[PDB]
Trainee: 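Dropping a structure here in structure tokens format, bear with me for questions.
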Amino acid sequence: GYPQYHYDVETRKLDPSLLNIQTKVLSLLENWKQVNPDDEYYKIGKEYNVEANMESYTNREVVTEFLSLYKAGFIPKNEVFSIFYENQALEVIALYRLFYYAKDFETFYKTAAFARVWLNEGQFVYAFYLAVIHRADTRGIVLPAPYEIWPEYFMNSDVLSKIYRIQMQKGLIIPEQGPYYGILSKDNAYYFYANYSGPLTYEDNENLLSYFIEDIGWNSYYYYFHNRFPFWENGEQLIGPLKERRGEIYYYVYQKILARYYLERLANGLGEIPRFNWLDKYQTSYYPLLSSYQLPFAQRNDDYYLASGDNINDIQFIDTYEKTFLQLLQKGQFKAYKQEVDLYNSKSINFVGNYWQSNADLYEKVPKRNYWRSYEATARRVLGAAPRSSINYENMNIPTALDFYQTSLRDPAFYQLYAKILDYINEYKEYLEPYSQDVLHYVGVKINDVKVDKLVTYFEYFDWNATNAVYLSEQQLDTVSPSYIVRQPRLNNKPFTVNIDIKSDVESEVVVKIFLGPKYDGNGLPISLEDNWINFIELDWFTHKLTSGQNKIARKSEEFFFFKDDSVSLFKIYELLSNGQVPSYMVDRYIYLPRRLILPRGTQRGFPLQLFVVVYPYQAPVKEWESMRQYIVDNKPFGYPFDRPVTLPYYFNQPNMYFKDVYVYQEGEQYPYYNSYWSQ
Amino acid sequence: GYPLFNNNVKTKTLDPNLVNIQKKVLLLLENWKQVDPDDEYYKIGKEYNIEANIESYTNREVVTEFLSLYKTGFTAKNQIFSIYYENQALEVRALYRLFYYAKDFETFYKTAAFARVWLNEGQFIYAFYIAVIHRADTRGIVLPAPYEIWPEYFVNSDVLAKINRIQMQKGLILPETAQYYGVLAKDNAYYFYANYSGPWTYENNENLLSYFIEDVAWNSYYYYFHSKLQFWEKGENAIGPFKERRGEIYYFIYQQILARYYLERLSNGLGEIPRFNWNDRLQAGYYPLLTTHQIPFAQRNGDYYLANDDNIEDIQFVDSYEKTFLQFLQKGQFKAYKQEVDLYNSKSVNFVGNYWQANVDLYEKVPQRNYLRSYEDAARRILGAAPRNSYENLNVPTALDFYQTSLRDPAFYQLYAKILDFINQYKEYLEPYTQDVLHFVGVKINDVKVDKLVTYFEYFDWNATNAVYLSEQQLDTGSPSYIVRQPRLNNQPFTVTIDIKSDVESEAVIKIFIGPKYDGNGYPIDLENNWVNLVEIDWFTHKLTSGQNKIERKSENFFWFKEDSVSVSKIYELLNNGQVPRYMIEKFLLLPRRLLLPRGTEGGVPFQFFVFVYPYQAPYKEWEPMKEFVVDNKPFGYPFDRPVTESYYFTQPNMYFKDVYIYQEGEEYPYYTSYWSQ
Ligand SMILES: *[C@@H]1O[C@H](CO)[C@@H](O[C@@H]2O[C@H](CO)[C@@H](O[C@@H]3O[C@H](CO[C@H]4O[C@H](CO)[C@@H](O)[C@H](O[C@H]5O[C@H](CO)[C@@H](O)[C@H](O)[C@@H]5O)[C@@H]4O)[C@@H](O)[C@H](O[C@H]4O[C@H](CO)[C@@H](O)[C@H](O)[C@@H]4O[C@H]4O[C@H](CO)[C@@H](O)[C@H](O)[C@@H]4O)[C@@H]3O)[C@H](O)[C@H]2NC(C)=O)[C@H](O)[C@H]1NC(C)=O
Ligand SMILES: *[C@@H]1O[C@H](CO)[C@@H](O[C@@H]2O[C@H](CO)[C@@H](O[C@@H]3O[C@H](CO[C@H]4O[C@H](CO)[C@@H](O)[C@H](O)[C@@H]4O)[C@@H](O)[C@H](O[C@H]4O[C@H](CO)[C@@H](O)[C@H](O)[C@@H]4O[C@H]4O[C@H](CO)[C@@H](O)[C@H](O)[C@@H]4O)[C@@H]3O)[C@H](O)[C@H]2NC(C)=O)[C@H](O)[C@H]1NC(C)=O
Ligand SMILES: *[C@@H]1O[C@H](CO)[C@@H](O[C@@H]2O[C@H](CO)[C@@H](O[C@@H]3O[C@H](CO[C@H]4O[C@H](CO)[C@@H](O)[C@H](O[C@H]5O[C@H](CO)[C@@H](O)[C@H](O)[C@@H]5O)[C@@H]4O)[C@@H](O)[C@H](O[C@H]4O[C@H](CO)[C@@H](O)[C@H](O)[C@@H]4O)[C@@H]3O)[C@H](O)[C@H]2NC(C)=O)[C@H](O)[C@H]1NC(C)=O
Ligand SMILES: *[C@@H]1O[C@H](CO)[C@@H](O[C@@H]2O[C@H](CO)[C@@H](O[C@@H]3O[C@H](CO)[C@@H](O)[C@H](O)[C@@H]3O)[C@H](O)[C@H]2NC(C)=O)[C@H](O)[C@H]1NC(C)=O
Ligand SMILES: [Cu+2]
């Protein structure tokens with residue numbers, strides 16, 4: 001038995017000029033797996049012709065290329081779509097480019113209706129979501145959470161089977177027996193209790209942390225990161241003023257994703273992330289209970305050999321790529337892809353990031369190439385373990401968890417691969433000169449004490465709408481759709497406050513950063529900062545004004561810069577829209593981790609951690625970064641001061657720095673699977 | 001920083017008659033690594049002649065065999081001795097038989113003096129220890145703890161290096177700095193703080209439980225078990241009337257050891273015991289920091305291939321020895337080693353046990369064989385990873401070559417888990433217990449309560465002077481005291497209260513077991529799979545009167561645990577007052593009470609207690625000489641001596657399961673032993 005989640009939603013008034021767009025968007029995402037002939041979009045799309053409106057798109061080459069590809073023929077409906085499938089990738093990229101360059105919202109809506117009526121549902125939804133996120137006239141509206149747009153990618157096969165059975169039966173034949181199987185009929189809706197994956201899917205006791213790696217917020221955060229910074233798009237469209245920092249961002253996000261993951265491994269006593277060799281048997285197995293269009297996801301058997309003949313070519317490329325980077329580390333200063341690079345400069349990080357993502361910015365100074373290959377894509381294909389026939393043949397593919405950004409974080413091999421990549425990047429980082437005392441010491445400021453309230457974690461029920469997973473009848477489409485709600489346990493932490501005491505000789509503006517990190521490693525020994533600098537997670541980052549004398553700063557966890565609130569359901573979105581309000585976090589803070597995942601759980605019911613507090617002078621960001629003020633607090637690199645290796649730890653024993661030891665406890669049931677009828 | 005362990009020893013008066021013998025025994029154990037010409041035993045050993053005293057030994061064949069072996073020449077002094085070396089074992093067996101068949105204590109003392117003067121020190125100490133344990137006339141005599149007889153086998157190389165440096169320097173050159181290196185000078189003694197092995201010695205996070213597998217008493221328990229029941233001795237001369245229950249004892253002891261190890265692994269979050277394939281490679285790295293005569297112990301890497309060019313023969317034997325057993329399981333009833341075996345009967349357990357130990361009892365019905373093989377010996381040789389050589393005068397010691405260090409190696413646990421898996425496959429034959437045998441009509445356990453369960457680390461001091469070589473002046477007058485002070489696990493006292501209802505007034509037996517609740521995957525363990533992981537902790541009798549009953553059992557009165565042994569100095573102090581440590585005479589073969597509970601956590605680790613009440617039945621008559629180790633006629637581990645097939649039919653009103661939590665107070669890790677942490 002677990003308590004039910006109840007929370008208040010932060011709301012902001014919506015611009016009256018955007019009341020028409022929002023609705024329209026929400027109308028095109030209803031039952032996107034099906035086309036209803038009775039809807040307006042059906043007629044609009046059926047009658048719309050792209051070429052006749054070629055003047056309504058800013059760029060003309062986009063229209064010509066889209067027309068050429070459409071004449072060549074797109075993929076048929078009712079098939080699995082993945083951005084890693086080359087032909088589908090080209091088609092969806094062309095469609096997205098057509099969407100983005102539409103001169104006005106009316107043309108964009110007409111094109112979206114055309115795409116939904118004529119094109120594959122998956123490509124349509126992907127491109128439409130990306131365009132809504134990136135279009136200028138759609139800034140301010142709210143989109144549904146990814147787990148409500150793709151429910152099948154965020155639940156296991158058993159719950160989906162139950163939902164499909166209920167839909168086919170149009171209710172319960174014997175309602176009294178429903179509760180004994182985890183199905184509750186209440187308030188015109190059906191609630192299905194959902195578990196997490198067990199030892200059948202994960203080996204080596206990793207299932208203990210399933211609740212964390214299968215959490216909807218985790219995968220939704222990864223998908224949001226992909227959507228905001230797609231690898232195939234040019235940086236200028238993505239980030240205008242801070243394009244040169246793209247690689248840095250690539251390093252900052254993944255470094256965080258792994259670190260948190262590592263922390264969870266320490267909470268469950270699983271140790272460090274394994275390392276592997278490409279030319280040796282892979283020891284981590286994976287048996288996902290996931291399916292798309294009833295097609296099972298690929299299963300990787302234990303001791304799978306990656307260097308078979310069929311994959312040999314790919315392997316070679318992978319190896320070569322790695323080798324090349326090492327050679328660059330020996331050169332130090334060189335020219336690659338017609339770009340001059342000096343590794344003694346921190347700025348070079350950008351290039352490094354791009355190099356390991358194989359994104360468009362890496363090939364911006366070279367003529368358009370018909371030959372292109374991605375290290376990440378090849379590694380994902382090799383580790384997916386799908387049959388080679390699936391790869392070779394175009395009209396058939398067996399889906400893998402690594403072929404979608406909504407399910408990549410479920411596979412353990414993802415973490416190992418990106419840990420290898422980050423190991424290479426840190427080997428590069430070893431070049432940079434460590435920060436000196438002059439830059440770390442804030443003369444005149446001393447932190448006297450840091451106090452923290454009790455840190456408690458617990459599981460609570462969370463409900464999310466999964467109606468889009470089923471196919472509806474004509475009558476349901478006409479009158480109203482059924483409501484199938486998945487109720488699952490989720491991790492959460494109680495509110496807590498950090499109190500900091502600071503003595504200042506002078507009055508000035510300062511920047512305060514709060515980080516979280518582990519204390520002991522898998523072997524039970526304390527971790528020195530020289531190795532722990534990469535494992536710290538940045539929690540808070542804010543400005544303050546210090547007056548002469550003593551000062552106290554109380555910072556509530558509900559105000560941390562790098563975390564957001566949980567997304568609201570579609571019905572609540574409609575309720576708020578009818579009253580002219582929208583959720584602020586879903587508007588402009590959706591690219592941040594959920595606040596419920598700040599703290600680890602711990603299998604021993606008590607886990608030690610450490611908090612790091614640093615205060616340094618404030619300097620305003622350069623003016624040109626004006627339209628990015630909401631996301632940049634100062635001009636320092638992301639992760640400062642833990643952005644480069646620490647060589648001499650005694651430089652961090654400054655008056656303006658403080659390390660605190662804290663303990664995280666668990667309240668209630670230690671495990672999340674106590675959700676049966678007799679346990680409730 | 002940890003508290004220092006101080007506790008008075010519960011002593012008992014010793015019979016005056018044995019007093020002298022006690023003295024003599026201790027005199028023969030002083031500085032056994034060296035021979036002092038000025039001691040009394042030297043002249044006796046140099047002048048004693050066994051052949052001329054052939055009439056003083058009850059058996060004549062033993063004397064003839066020993067003389068024939070001695071004519072060929074025994075092993076040289078200052079050499080490594082191991083019972084798993086064939087020639088050394090052959091010599092030491094004859095020496096032990098000569099000790100055992102001595103007419104009286106005077107002849108035995110003369111023979112021991114002769115052996116110490118002439119023979120290898122290791123063989124002499126081994127044989128003398130075993131004989132003192134087994135000789136009837138020496139029964140009731142206190143022996144020093146094994147870790148004080150072989151300190152080098154119970155401490156790592158760094159502490160021994162510090163001790164050797166102090167001995168060579170005859171003190172400290174700059175005393176005011178020794179404190180910073182964990183060496184304290186006080187009260188005419190030197191104290192050396194010691195750490196347990198870390199990840200450098202153990203891989204795959206095993207080092208987290210190094211405080212348990214490297215505990216001195218944990219290994220001393222296994223050495224005591226080997227000494228009391230040695231594989232090369234007949235059942236009659238080692239156990240007496242409990243000769244048909246030898247295999248049962250073997251299975252019970254090994255199952256309990258593995259269950260406790262699994263509980264510790266669960267407490268440290270390491271999961272289940274891995275299984276391995278002989279034709280594949282072992283996945284347990286081990287780099288012991290141990291030395292004997294400065295010769296390093298064998299090291300094994302993380303990925304060691306067991307089947308190499310020089311092992312094939314042994315491998316083959318191992319494989320065959322397994323397959324034959326499987327064939328027996330298919331036959332059911334057969335004739336092996338001139339013995340009829342029926343696996344449908346529970347008593348067959350005996351045979352099974354012997355079969356998996358290759359002890360002498362397995363071959364008591366066939367003619368004396370010159371072709372000798374042992375499954376356990378070959379498995380230990382294969383797993384030790386020591387270099388293979390055909391020369392008898394060159395050996396690289398391994399942890400598995402000594403019973404004092406066997407438990408330090410995970411391969412031991414894996415191998416015996418495999419063996420017990422085979423034995424449980426055999427046990428599947430037996431018919432499960434029925435309700436009529438389990439249900440205790442008119443008896444219901446209403447409630448069970450237990451006080452707070454607490455674990456902590458405390459400093460413990462033990463004498464390690466025997467590891468060094470003394471000078472002539474030290475031998476003549478007195479040697480210094482080198483004491484090792486190391487953290488050890490301990491638990492605070494707790495009491496179990498059982499509330500029962502029975503309108504019938506009768507005698508009954510109560511058993512208490514401790515076991516796990518969740519497996520490595522975090523799911524509850526069903527009794528049909530958890531019956532092999534339950535550790536018996538208490539076994540006693542009680543008279544129930546009509547109506548309500550409340551039984552209070554204290555942790556200090558549990559049957560299967562003892563108290564800690566004491567150093568030789570306290571033994572002499574008590575002997576001067578005609579007293580001996582009672583627990584070193586009574587229950588000196590059981591586990592210490594400090595290891596009863598697995599180490600807890602700040603939040604708390606979950607486990608469970610099982611309480612079982614059943615009718616009492618007195619042990620059989622011929623079992624009278626051994627009525628200090630048993631309480632009734634039921635098999636060891638009852639009712640969990642055979643598989644549980646249906647938990648529904650096993651549970652009865654007279655059984656109770658309770659869930660408990662174990663907490664930790666103070667430091668969670670044992671390595672905070674630096675000068676700045678005190
Ligand atoms: C560098 O390496 C080399 C190569 O190993 C070493 O050289 C070896 O050194 C050892 C020890 O010093 C030698 O062993 C000793 O050999 C002595 C000579 O014996 C010869 O004559 C006798 C008859 O008198 C024969 O029996 C011997 O061999 C025959 O018999 C043996 C019986 O087992 C058979 O195995 C052979 O195949 C032969 O058939 C030789 O021909 C020997 O006297 C001595 O034996 C004593 O000590 C052993 C110890 O186990 C007893 O078993 C034995 O009964 C004798 O008893 C003595 O024991 C102690 C002293 O140790 C005291 O109580 C008394 O003194 C008592 O008399 C021993 O076996 C080995 O031969 C030699 N190998 C060579 C040269 O090839 C170097 O030492 C080494 N150097 C360093 C610095 O490490
Ligand atoms: C068992 O397995 C077999 C083999 O895998 C499979 O057979 C294949 O079926 C698919 C259909 O699912 C076939 O694909 C179709 O082929 C026809 C015929 O193409 C030939 O002829 C044309 C000229 O007429 C040539 O250009 C062509 O190269 C071939 O030689 C096409 O007409 C189909 O094209 C339409 O659909 C495509 C999407 O699939 C679009 O890209 C294309 O533009 C066409 O669009 C049409 O529909 C749109 C949506 O309504 C509409 O908007 C358009 O205006 C247009 O009307 C299609 O490519 C394939 O050729 C078969 N292969 C073989 C070897 O037989 C079986 O189907 C399968 N059975 C089952 C039960 O699974
Ligand atoms: C789980 O998820 C499912 C699916 O997402 C949820 O089901 C959805 O619920 C919402 C809220 O109830 C629905 O939106 C509302 O729909 C009603 C009914 O619309 C129908 O009936 C109308 C007459 O009563 C009819 O006019 C409608 O047709 C018009 O609109 C379509 C386009 O949608 C257009 O093509 C037609 O030509 C018509 O113009 C339709 O047939 C509707 O009345 C609501 O409108 C109000 O709100 C909007 C927005 O504020 C406002 O603009 C309007 O003026 C009006 O005030 C609203 O749109 C949605 O249709 C459901 N989806 C499906 C597939 O059925 C379910 O609720 C979720 N459960 C949870 C979270 O527990
Ligand atoms: C650690 O161990 C050593 C060696 O076992 C101890 O030294 C031993 O101490 C005993 C008791 O003092 C000695 O026995 C006594 O000897 C005197 C003569 O000195 C005799 O009169 C007594 O009747 C008794 O027999 C023993 O000889 C001595 N051994 C050596 C080799 O010196 C030491 O005391 C132990 N220290 C601690 C703290 O336990
Ligand atoms: Cu594996």
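A note on names: the letters A, B, ... follow the listed sequences, proteins ahead of strands, and every chain is numbered from 1. Whatever order the structure lists ligands and atoms in, that order sets their numbers, starting from 1. Computation of the quantities below employed the complete heavy-atom set of this structure, encompassing side-chain atoms and omitting hydrogens, waters and symmetry-equivalent molecules.
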Trainee: For atom 42 (C) of ligand 2, grab the closest protein heavy atom and report residue, atom and distance to one decimal in Å.
Mentor: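 Heavy-atom neighbour on the protein nearest atom 42 (C) of ligand 2: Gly73(A) CA, 4.7 Å.
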Trainee: Between the Cu ion (ligand 5) and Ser285(A), is there an N, O or S atom separated by less than 2.8 Å?
Mentor: no
Trainee: Report the part of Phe74(A) in contact with ligand 2, treating N, CA, C, O as backbone and CB onward as side chain, heavy atoms under 4.0 Å; options are side chain, backbone, both, neither.
Mentor: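 Only the backbone of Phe74(A) comes within reach of ligand 2.
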Trainee: How far is atom 5 (O) of ligand 2 from its nearest protein heavy atom, and which residue and atom name does that atom have?
Mentor: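 Of the protein heavy atoms, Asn395(A) ND2, 4.1 Å lies nearest.
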Trainee: Do any non-hydrogen protein atoms sit less than 4.0 Å from atom 38 (C) of ligand 2?
Mentor: yes
Trainee: Under 6.0 Å from the six-membered ring centre of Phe276(B) and within 45° of its axis: does the NZ or CZ of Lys418(B) meet both?
Mentor: yes
Trainee: Do protein heavy atoms approach atom 67 (O) of ligand 2 to less than 4.0 Å?
Mentor: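 Flag for atom 67 (O) of ligand 2 set to false, no protein heavy atom closer than 4.0 Å.
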Trainee: Anything under 3.5 Å between an N or O on ligand 1 and a protein N or O? List each pair with its distance, or write none.
Mentor:
from	atom 1	to	atom 2	distance (Å)
ligand 1	50 (O)	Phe74(B)	O	2.7
ligand 1	50 (O)	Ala76(B)	N	3.2
ligand 1	52 (O)	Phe74(B)	O	2.8

Trainee: Please check if a non-hydrogen protein atom sits closer than 4.0 Å to atom 26 (O) of ligand 2.
Mentor: no
Trainee: Measure from NZ or CZ of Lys77(A) to the centre of the six-membered ring of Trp118(A) and say whether it is under 6.0 Å with the direction within 45° of the ring axis.
Mentor: no
Trainee: I need the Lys33(A) NZ to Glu121(A) CD distance, nearest 0.5 Å.
Mentor: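 Atom-to-atom, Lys33(A):NZ and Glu121(A):CD are 8.0 Å apart.
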Trainee: Can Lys33(B) be said to sit on top of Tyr469(B)'s aromatic six-ring, NZ or CZ under 6.0 Å from centre and within 45° of the ring axis?
Mentor: no
Trainee: Verify the contact flag for atom 32 (O) of ligand 2, where contact means a protein heavy atom under 4.0 Å away.
Mentor: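 False for atom 32 (O) of ligand 2.
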Trainee: Under 4.0 Å from a heavy atom of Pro76(A): which atoms of ligand 2 are those, numbered in the order shown and with their elements?
Mentor: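 Every atom of ligand 2 under 4.0 Å from some heavy atom of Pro76(A): 38 (C), 39 (O).
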Trainee: For the pair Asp411(A) and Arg300(A), find out whether any cationic side-chain nitrogen is under 4.0 Å from an anionic carboxylate oxygen.
Mentor: yes
Trainee: For atom 54 (O) of ligand 2, grab the closest protein heavy atom and report residue, atom and distance to one decimal in Å.
Mentor: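 Ranking protein heavy atoms by distance from atom 54 (O) of ligand 2, first comes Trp118(A) CZ3, 4.9 Å.
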Trainee: Between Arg93(B) and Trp232(B) (side chain of the first, backbone of the second, donor and acceptor by atom type, cut-off under 3.5 Å), is there such a pair?
Mentor: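 Pair found, side chain donor or acceptor close to backbone of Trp232(B).
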Trainee: Which label fits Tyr415(A) and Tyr261(A): parallel for a plane angle under 30°, tilted from 30 to 60°, or perpendicular past 60°?
Mentor: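 Judged by the thresholds at 30° and 60°, the geometry between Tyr415(A) and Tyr261(A) is parallel.
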Trainee: For the atom pair OG (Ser308(A)) and CD1 (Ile315(A)), what is the distance rounded to the nearest 0.5 Å?
Mentor: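 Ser308(A) atom OG to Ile315(A) atom CD1 measures 8.0 Å (nearest 0.5 Å).
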Trainee: In terms of relative ring orientation, are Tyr70(A) and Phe66(A) parallel, tilted or perpendicular, with 30° and 60° separating the classes?
Mentor: parallel
Trainee: Can a donor-acceptor pair be found between the side chains of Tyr286(A) and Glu206(A) at a distance below 3.5 Å?
Mentor: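 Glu206(A) and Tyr286(A) do not have a side-chain donor-acceptor pair below 3.5 Å.
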Trainee: For the pair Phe128(A) and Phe108(A), name the ring-plane relationship: parallel under 30°, tilted 30 to 60°, perpendicular over 60°.
Mentor: parallel
